[PDB]
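Residue numbers (the working numbering), protein chains in the order written: chain A, 593 to 869; chain B, 12 to 289; chain C, 7 to 285; chain D, 593 to 869; chain E, 44 to 319.
Each residue gets a CB set at the ideal place from its N, CA and C atoms; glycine is no exception.
Let me begin by presenting the structure, written as C-alpha cells, before commenting on it.
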Amino acid sequence: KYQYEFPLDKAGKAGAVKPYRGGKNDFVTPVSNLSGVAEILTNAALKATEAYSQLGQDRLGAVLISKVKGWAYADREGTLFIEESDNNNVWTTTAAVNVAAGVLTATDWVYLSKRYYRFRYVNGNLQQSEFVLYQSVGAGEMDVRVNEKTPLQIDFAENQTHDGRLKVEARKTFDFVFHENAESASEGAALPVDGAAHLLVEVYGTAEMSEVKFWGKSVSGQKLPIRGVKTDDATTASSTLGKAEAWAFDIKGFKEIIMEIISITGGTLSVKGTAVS
Amino acid sequence: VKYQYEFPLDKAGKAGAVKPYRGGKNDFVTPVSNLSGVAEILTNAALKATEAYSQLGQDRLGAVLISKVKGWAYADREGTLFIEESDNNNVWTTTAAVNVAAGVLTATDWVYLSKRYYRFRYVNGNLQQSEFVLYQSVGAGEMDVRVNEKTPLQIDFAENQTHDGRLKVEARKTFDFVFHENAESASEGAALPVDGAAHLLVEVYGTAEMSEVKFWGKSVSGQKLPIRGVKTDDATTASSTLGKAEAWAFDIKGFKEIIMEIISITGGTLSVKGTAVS
Amino acid sequence: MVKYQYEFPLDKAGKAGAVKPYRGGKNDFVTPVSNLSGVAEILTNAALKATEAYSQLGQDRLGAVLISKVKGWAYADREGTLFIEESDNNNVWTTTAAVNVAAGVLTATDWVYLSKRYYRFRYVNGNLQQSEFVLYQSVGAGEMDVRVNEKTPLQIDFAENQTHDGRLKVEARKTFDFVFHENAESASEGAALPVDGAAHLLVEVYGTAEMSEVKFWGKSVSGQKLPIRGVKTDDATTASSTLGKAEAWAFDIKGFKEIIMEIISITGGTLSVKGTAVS
Amino acid sequence: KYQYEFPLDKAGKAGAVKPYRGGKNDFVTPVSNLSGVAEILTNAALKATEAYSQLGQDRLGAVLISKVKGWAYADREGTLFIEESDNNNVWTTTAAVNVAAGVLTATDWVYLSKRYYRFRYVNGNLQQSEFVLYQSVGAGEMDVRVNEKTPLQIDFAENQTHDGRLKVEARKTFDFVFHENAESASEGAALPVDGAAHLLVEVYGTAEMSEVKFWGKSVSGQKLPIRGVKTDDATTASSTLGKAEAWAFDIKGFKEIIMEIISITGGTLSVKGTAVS
Amino acid sequence: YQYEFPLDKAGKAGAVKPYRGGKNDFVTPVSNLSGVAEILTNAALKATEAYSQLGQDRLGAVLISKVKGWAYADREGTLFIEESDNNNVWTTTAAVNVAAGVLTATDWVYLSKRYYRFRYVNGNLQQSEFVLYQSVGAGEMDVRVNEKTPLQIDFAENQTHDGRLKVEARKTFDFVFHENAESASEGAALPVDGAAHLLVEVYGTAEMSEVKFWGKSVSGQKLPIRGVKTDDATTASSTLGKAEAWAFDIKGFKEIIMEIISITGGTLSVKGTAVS
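Okay, here's the thing in C-alpha cells:
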C-alpha cells in the first residue's frame with residue numbers, strides 16, 4: 593500500500609490516469625520512459641578503501657539494455673566505475689567519476705557494447721557513514737518527425753569557427769601530367785580546367801634541345817596561344833626552348849590547357865603542373 | 012512463471028504497473044518503452060561447424076506495421092549474422108551482414124525494411140558452438156516532435172567533407188554563352204547576363220574574310236559602354252578587334268550585361284562565344 | 007472473441023500485466039508501447055478483377071482522436087495504383103498522392119499530412135485479375151515537445167545536388183545597385199553608398215546635361231570626404247573626377263565606409279549617377 | 593459502447609494491446625500523446641453574426657496545459673479566435689483564423705502564457721446549418737538524444753541559396769585606432785592583422801607639421817617599412833608629411849601594422865583605418 | 044471525476060479512446076510525467092511571508108532530472124527554485140518575479156544536487172489568492188530524426204550577416220626556415236598546402252649572408268622564385284641583405300625553401316607567414 597490513490601471515473605472505475613480539460617471530463621495515463629526509473633544498488637556504508645561490486649547485469653533479455661547511468665551520494669569521497677564484460681568474468685572500465693564528500697555525483701549515459709555491465713564503487717581513505725548508489729537503464733530508438741517548416745536552430749563548435757565565422761577551405765589543388773619522359777613531338781595530355789584559376793607548369797628532363805608551346809582551348813576547341821610568366825626572371829612568353837624552369841598561367845575561363853612539345857632531341861622531357869582554384 | 016517484480020498497490024489496494032514519485036510518494040507514473048526496446052530471443056541452439064540458423068520469414072504487414080529490425084548475436088565461436096528481406100517469403104536478398112567474433116556481443120545497425128518479409132540467418136564458422144543466443148528487436152511508426160529552440164544544436168561536417176578542420180567549399184561557377192553563332196551579317200547578337208561573374212574569356216573564330224567585333228558592357232542605364240579586353244597571345248589591350256582565331260579576357264565585375272557586337276563582316280561567317288567565371 | 011499466442015507475464019504475487027521484466031534479477035517491469043502511427047488496419051484483402059477499383063468509405067479526421075496523417079502499404083500479385091485522397095464534403099475527392107504498385111512488390115506511400123476533413127484510399131487494379139491483394143492503412147495524431155540533449159555535435163550530410171567533387175557549392179559574391187543621383191538638375195553630394203564589405207564599384211554617368219562635373223569621394227573612419235580615383239572603361243583613364251558623361255568608372259572601394267559621387271556643377275539638362283557594388 | 597474489442601492473451605486475459613512478431617506471440621499497448629486527442633466543444637449551428645464562447649479553461653491542474661490547437665468546419669464562413677486571460681474575465685486574442693465555407697480549417701499549435709484559454713467563434717453574415725469545433729491540448733517536454741553516428745540529410749531554403757549555391761560572406765571588416773588626437777611622437781597602437789589582406793588608413797587633424805612612417809611586423813617583432821598607395825593620386829610611399837589623406841596597404845602575411853608618428857608640431861593628429869579580409 | 048472510461052464490444056472498461064472511421068480500434072492517451080503537476084500550496088501569505096516546500100529527494104524509483112514552476116497570486120512576490128546536497132543548506136538556482144494577477148512560469152531547471160524545493164516570498168501586500176504548481180521530469184529517449192525526409196536548418200544569429208553565412212576562407216601559419224643559423228644550409232622546407240602568399244623576414248647579427256629563394260613543384264628540383272621587398276618593391280630571386288622582408292606568390296608550389304648559401308660573422312634567422 594502506497595500514499596498515491598488512483599482516481600475513479602464517473603462509474604467508479606479506478607485507473608492510473610489524471611483528469612484534464614476545464615470540466616475534468618477527459619483522462620490521460622502519465623508515463624515515463626524506463627530511462628527515468630532507477631534501482632537502488634546499495635546503501636551499505638563502506639570501510640576505508642572497501643569496494644562495492646554489482647553482480648554482472650546481462651543486457652540480453654526481453655528488454656534490450658542499450659545504456660546505463662549512475663548517481664552516487666556519500667559523506668566521504670570515492671570513485672564510481674561503470675564497467676563492461678563479454679564473459680561476466682573479465683571487466684574493462686568504460687567510465688570512472690570522482691564522487692566528492694557530500695556531493696550528489698551523476699555519470700553520463702554510457703552506451704554499452706559488451707554483453708554485461710556493472711557498477712563498482714571504491715570508497716576512499718575515510719569510512720562512509722552514509723552511501724546510496726542508483727542505476728538507470730534505457731533501450732530502443734523511436735523515429736521522430738521534425739515539423740518540415742520549423743528549421744532546426746544550429747551553430748558550430750567554437751573549434752570550427754574564428755570571430756563568429758565558419759572556417760572554410762575554398763582552394764583546391766590537383767597535379768596533372770602533360771608529358772612524362774616524352775622522346776618525340778606531341779600535344780600530350782589536355783588538362784581539364786574545371787573551374788581552376790591558376791596553373792604552375794614545370795619543364796624538366798635530359799633533352800638537349802626542346803620547344804614547348806603553351807595552348808588553351810575555349811569553346812571552339814581550336815588551340816589558342818596563352819602566355820606564362822617564368823618564376824626565375826618574370827619572362828612572359830607563349831613558348832620556351834628551355835628546361836629546369838617553371839611557368840605560371842592565369843587559366844580562368846579556359847576549358848583545356850595543352851603544353852605541346854613541338855620538337856625535342858638528345859633525351860627526354862617531362863611537363864607536369866599543379867592547377868589551383 | 013512469476014518474476015521478482017511486484018506491482019505496488021494504491022491507497023485503496025489496487026495494483027498497477029506504476030512507480031510512486033514526488034517527495035511524499037503520493038503520485039504515480041507508468042514506466043513504458045517503445046517496442047524498439049523489446050527483443051525476442053530467436054534461438055539458443057548451438058550450431059555445428061558451418062551449420063546455419065534460418066528464422067522463418069516474418070511478415071511486416073499486420074496490426075503492428077514493422078518498419079525496422081536490429082539484431083544482437085553472442086557466440087563462443089565466430090560466425091556471420093545476415094539480415095534478409097523477401098517480397099515472396101521464398102527468395103531472400105541480404106540487406107545487412109555482420110561478422111560475429113568469438114565471445115564478443117555483436118550488434119547490427121537498425122535496418123529500415125522495404126520488402127514484405129524479413130528474417131535473420133546466422134552461419135556458424137568452422138568450429139562447433141557451445142554457447143549461442145540471437146536477439147531481434149523491431150520498431151514501427153513515427154512521432155511528430157517540436158524541438159525546443161532555447162539553445163541551438165551544435166552540428167559538425169563529415170571528416171570526408173573537411174580538411175585541416177575546414178569545410179571544403181567550391182565558390183567558383185563557370186558558364187558558357189553564345190554571343191554569335193555563324194553570324195553572316197552585322198548585329199549586337201545575344202547579351203550575356205553577368206549575374207555576379209567576375210571574369211570572361213571570349214573566343215572569336217570563323218571563315219569571315221573581314222570582320223570587326225566591338226566590346227560592350229551595360230550598367231544601370233542600359234546604354235552600351237565600351238570595355239577593354241586583353242588578347243591571350245600577345246597581351247594586346249583593345250575595345251575592339253578586326254581579327255579572329257583569338258581570345259580576349261575581360262574583367263566584368265559590376266556589369267549587368269556584356270555584348271560582343273559584329274560591326275561589319277564580309278566573305279564568310281563569325282562565331283563569338285565565351286566562358287564567364289565567378 | 008479473439009485469443010492470440012502472446013502471454014502476459016506474472017508479478018511476484020501472480021498478477022498479469024502487459025509488461026516485460028528487466029534488470030539483471032528481472033525485478034522491475036516496463037509497459038511496451040507503440041505510438042498509434044505504428045498500428046495498421048487491413049482495409050481489404052478481396053482480389054479485384056482486371057481494372058476493378060476498391061474505394062474505402064470516407065474517413066472523418068474529426069473525432070476523439072484527431073487524425074493528422076495517413077500512410078499506406080499495398081501488396082498484390084498484379085500491378086495497380088494506390089491513391090490517397092481527401093474531401094471537405096465526403097462526396098468530391100481530390101488526389102493527394104498516387105503510387106504505382108508493381109506485381110509482387112510491397113509498395114509504401116509517404117506519410118501524407120492531411121488538410122481536408124475526410125481521407126480515403128482508392129486502389130485501381132491493372133489489366134490482370136489479382137489472386138492475392140492486401141492494403142494496410144496507418145494514421146497518426148498530435149505533436150510532442152522535446153528537448154534535444156547532444157553530447158557530440160550532430161553530423162550533417164549534403165544532397166549530392168548541393169556538392170561538387172566533395173565540396174559544398176557556395177556563392178561568396180553579392181551584387182547591389184545604388185542611385186547616387188537620378189535626373190539631378192543642380193549640384194549636390196547626392197546619396198552615399200554604404201560599402202558594407204563590397205570590394206569593387208562600377209559607376210555610370212549619363213543624361214542630357216550639356217556640362218557637368220562629378221567628383222569621386224570615399225569616407226573612412228573620420229567621415230571626412232577623401233578623393234578616390236576611378237578607371238574609365240573605354241580607355242583606362244585614371245582620375246578623381248570627370249567633366250564627361252555616357253561613360254563608366256571602376257573603383258576599388260575595399261576598406262571605405264561610404265562612396266559619394268558629388269555633382270559639383272551642372273548646366274543645360276539633367277544627370278544620373280548610378281552604380282553596382284560587388285563583394 | 594464501441595465496436596473495438598480488446599484481444600485475449602494465451603491464458604484468456606484481455607488487454608488494450610496489439611499482437612506483433614511473425615507468430616503474434618508478443619504484445620504492445622498502442623498509445624497517443626494527449627496532443628493527438630480532441631474534445632468537440634460545440635456542434636450548435638449559429639445565427640448570422642452570432643458567437644460561440646467556450647467557458648475559460650484553467651491551464652493549472654493535474655495536467656499542466658502548455659498549448660492548444662483548434663479545428664473548425666462550417667457550411668458558412670466565420671472566424672475562430674484563440675484567446676487567453678489572467679483573470680477569466682478580460683480576454684486578449686492570441687490568434688484569429690478565417691474559416692471558409694465548407695473547408696476544414698486548422699489553427700497552429702498556440703503556446704499559452706496566461707492562466708486561462710478559450711475558443712471564441714464568430715459566425716459571418718449567413719446562418720450556419722452545419723458547424724463543429726474541436727480543441728486539442730498538450731503538456732510537458734520529453735528529453736531526447738538524437739542518434740550520434742547517423743548524419744542528418746539537410747536541404748537549404750531557397751532564401752539561403754542562389755543558383756543552388758549556399759550564400760556565404762567571406763569578407764570581414766574592422767576599424768582600428770593607431771592614434772587619436774596624438775600631440776607627440778609615438779608608434780601608437782599596433783593593428784593585429786589576424787588574416788586581413790587590405791588596410792585603408794586615414795590621417796587627419798590640426799597638426800601644422802607631422803610625419804607618419806608606415807611599418808609592419810612579421811615573426812621577429814622588428815618593424816619593417818611598408819609602402820601604401822595614396823587614394824587621390826596613387827603616390828606610393830613608406831611615409832607621409834601630409835594629412836586629410838588616405839593610404840591603401842596590402843598587409844597579407846604581416847602579424848602587425850604600426851602607423852608611427854615620427855614628429856608632430858602645432859596641433860594634433862589622428863590615424864585610423866579599416867582592415868578587410 | 045466527470046470522465047468516464049468507454050467499454051469495448053464485450054463490456055470491458057479501458058483508459059482508451061476509439062479511432063478509425065468505424066471506431067473499431069483503440070488507443071491509450073498518455074502524457075510524459077513532465078506534463079503533470081502537483082499543487083504545492085494555495086495558502087494565502089501575509090505581507091513579506093514565505094512558503095518553503097520541504098526538500099524533495101531526487102533519488103528514488105523515479106530519478107528526477109528537472110523541475111518547472113507556475114505561480115499565480117493577486118499580489119506580487121518572488122518564486123525561488125533551490126537545491127541542496129544535505130537538505131539543510133540551500134542555494135538558489137532560479138528566481139522569477141511574480142506580478143500581481145499574472146500567471147508566471149519558470150524555465151525547466153535541470154537539477155544537480157540531491158534535493159530541490161520551491162520557496163515563495165510574498166511582497167508587501169497580503170495575498171487573498173495564491174496557487175503554486177510544480178512539474179518534474181526524468182529520463183531521455185534515444186530518437187532517429189527524419190530518417191527518410193530532408194530537414195531545413197537555420198544558422199545562429201552570431202554566424203549570419205544580411206542572410207549570408209559568415210565564413211573565414213583565409214588561414215595563416217608561421218614557419219621557421221632558419222633560426223640563428225651560423226652556417227650555410229637549405230633549412231626547413233615550408234609545405235605550401237594550398238597557401239597563396241608568403242611573407243619572409245630575414246634578420247640577425249651576420250656581417251654578410253646570401254639567401255636564395257626556391258620553390259619545388261612536381262619534379263622535386265629547386266626552382267628560383269622572385270620576391271618583392273616591402274620597403275622599395277625590389278624584385279629578386281635572392282638577397283645579400285637582412286632587416287628586410289620579401290613577399291612571394293606561392294600558388295601551385297608544393298614547397299618553399301629559403302636557402303642560406305653563405306654567412307660570415309654572426310647568425311641569421313629566416314621566418315615567414317603563409318596565407319591562403
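For residue i: DSSP bridge partner residues
i	result
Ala-688/A	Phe-673/A
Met-734/D	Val-152/C
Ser-645/D	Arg-712/D
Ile-657/A	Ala-731/A
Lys-610/D	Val-620/D
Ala-698/D	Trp-663/D
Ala-287/B	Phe-186/B and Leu-211/B
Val-180/B	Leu-174/C
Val-682/D	Paired residue(s): none; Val-682/D is not in a bridge.
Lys-13/B	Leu-16/C
Status (buried if at least 16 other CB within 10 Å, exposed otherwise) for residue i
i	result
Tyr-726/A	buried
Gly-604/A	exposed
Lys-259/E	buried
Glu-153/B	buried
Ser-776/D	exposed
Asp-275/E	exposed
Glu-794/A	buried
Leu-647/A	exposed
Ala-108/B	exposed
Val-107/C	buried
Length of the line joining the Cα atoms of residue i and residue j
i	j	result
residue 31/E	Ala-288/E	Nothing about residue 31/E can be reported from this structure: the residues present for chain E run from 44 to 319 only.
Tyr-129/B	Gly-780/A	56 Å
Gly-233/B	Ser-144/C	60 Å
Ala-84/B	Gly-730/A	19 Å
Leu-816/D	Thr-252/B	46 Å
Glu-272/B	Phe-226/B	7 Å
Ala-788/A	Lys-122/C	53 Å
Jot down the residue ranges of each uninterrupted beta strand (DSSP E) in the region 224-312 of chain E, minimum 3 residues, whole runs only, in chain order.
240-246, 251-259, 265-267, 270-272, 287-292 and 298-307
Under 9 Å, CB to CB, which of the residues in the region 82-98 of chain E have a partner in chain B?
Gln-96, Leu-97 and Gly-98
Complete beta strand (DSSP E) runs within the region 612-642 of chain A (minimum length 3 residues, chain order):
618-625 and 631-634
Using a Cβ-Cβ cut-off of less than 7 Å, list which residues of the region 25-48 of chain C approach chain A; keep chain order.
Residues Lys-26, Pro-27, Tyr-28, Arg-29, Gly-30, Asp-34 and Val-36.
Chain B contacts from the region 835-855 of chain D (Cβ-Cβ distance under 7 Å)
none
Contact list for the region 746-763 of chain A against chain D, Cβ threshold 7 Å:
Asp-755 and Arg-757
What residues in the region 113-139 of chain B bring their beta carbon closer than 9 Å to a beta carbon of chain E?
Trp-121 and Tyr-123
Counting only Cβ-Cβ distances shorter than 9 Å, please list the residues of the region 261-278 of chain E near chain A, keeping chain order.
Those residues of the region 261-278 of chain E that come within reach of chain A (Cβ to Cβ, closer than 9 Å) are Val-261, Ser-262, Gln-264, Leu-266, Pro-267, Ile-268, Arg-269 and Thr-278.
Please name the residues in the region 68-90 of chain C whose beta-carbon is closer than 9 Å to at least one beta-carbon of chain E, in chain order.
Listed by position, the residues of the region 68-90 of chain C near chain E (Cβ gap below 9 Å) are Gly-69, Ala-70, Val-71 and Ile-73.
Of the residues that make up the region 181-209 of chain C, which ones have a beta carbon closer than 7 Å to any beta carbon in chain B?
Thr-181, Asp-183, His-206, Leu-207 and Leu-208
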